[PDB]
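Here is the structure we will look at.
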Amino acid sequence: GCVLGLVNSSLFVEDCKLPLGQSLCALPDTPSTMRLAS
Amino acid sequence: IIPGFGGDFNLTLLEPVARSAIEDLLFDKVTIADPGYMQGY
């Protein structure tokens with residue numbers, strides 16, 4: 001899960017899936033409903 | 001943005017291919033020590 005730092009949850013969900021997001025880091029938006037890194 | 005963006009007007013604001021030459025040079029001449037995320041540890 002270490003896209004920016006190691007994260008312990010499901011990742012690499014559909015690329016174009018964060019128009020708006022919680023924004024865990026610089027890039028990933030963590031949309032849940034997991035399914036982070038987008 | 002096209003490489004010959006403004007014909008008679010030389011523009012160094014284009015992307016070398018994303019951080020145009022002037023942006024890169026500006027970040028170079030400053031002294032910053034950012035930790036590589038994924039690697040700082």
Side-chain angles (χ1 to χ4, degrees), chain A residues 1-17 19-28 30-38, chain B:
Chain A
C2 50
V3 65
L4 195 143
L6 181 43
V7 54
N8 295 355
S9 185
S10 176
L11 65 137
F12 203 59
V13 82
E14 306 176 1
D15 299 0
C16 297
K17 214 177 185 171
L20 188 59
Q22 313 185 202
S23 300
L24 64 91
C25 274
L27 299 101
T30 186
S32 181
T33 174
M34 293 182 286
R35 185 180 67 189
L36 47 94
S38 349
Chain B
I1 295 299
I2 302 304
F5 183 49
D8 298 352
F9 290 92
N10 194 4
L11 291 192
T12 186
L13 300 165
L14 312 180
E15 301 70 1
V17 163
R19 281 271 277 248
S20 55
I22 203 78
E23 265 194 73
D24 268 330
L25 192 154
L26 176 52
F27 273 80
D28 291 358
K29 311 296 281 289
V30 187
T31 70
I32 299 169
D34 184 69
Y37 312 142
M38 293 176 70
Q39 300 296 315
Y41 188 77

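Here is how names work: the chains are called A, B, and so on, in the same order as the sequence lines, proteins then strands, and each is numbered from 1. Both backbone and side-chain heavy atoms feed into the values below; hydrogens, waters and symmetry mates do not.
Using a 4.5 Å heavy-atom cutoff, the side chains of A:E14 and A:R35 are not in contact. Counting heavy atoms from C-beta on, the side chains of A:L36 and A:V7 come closer than 4.5 Å. A 4.5 Å side-chain heavy-atom check between A:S9 and A:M34 finds at least one atom pair inside the cut-off. Proximity of A:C25 to A:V3: side-chain heavy atoms (C-beta onward) are nowhere separated by under 4.5 Å. Looking at heavy atoms from C-beta onward, A:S38 lies in side-chain contact with A:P31 at the 4.5 angstrom threshold. B:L13 has its side chain within reach of B:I22: a pair of non-hydrogen atoms, C-beta onward, lies under 4.5 Å apart.
For the pair B:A18 and B:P16, the tightest heavy-atom approach, listed with the atom from each and the gap, is O-CD, 3.8 Å. Between A:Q22 and A:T30 the shortest heavy-atom distance is OE1-O, 3.2 Å. Minimum interatomic distance between B:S20 and B:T12 (heavy atoms only, all atoms of both residues): CB-O, 4.3 Å.
Qualifying side chain to side chain contact (heavy atoms under 4.5 Å, CB included) partners for B:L25, counting only residues two or more places apart in sequence or in other chains: B:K29.
Around the CG atom of B:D28, the shell of radius 6.0 Å holds more than 12 heavy atoms that belong to other residues, nucleotides or ligands. In the displayed structure, B:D34 atom CG is contacted under 6.0 Å by more than 12 heavy atoms of other residues, nucleotides or ligands.
One finds the CD1 atom of B:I2 at 13.0 Å from the CG atom of B:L11 (value rounded to the nearest 0.5 Å).
Evaluation of the salt bridge (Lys or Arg N to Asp or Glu O under 4.0 Å) test over residues 10-19 of chain B, restricted to residues two or more places apart or in two chains, returns B:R19-B:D24.
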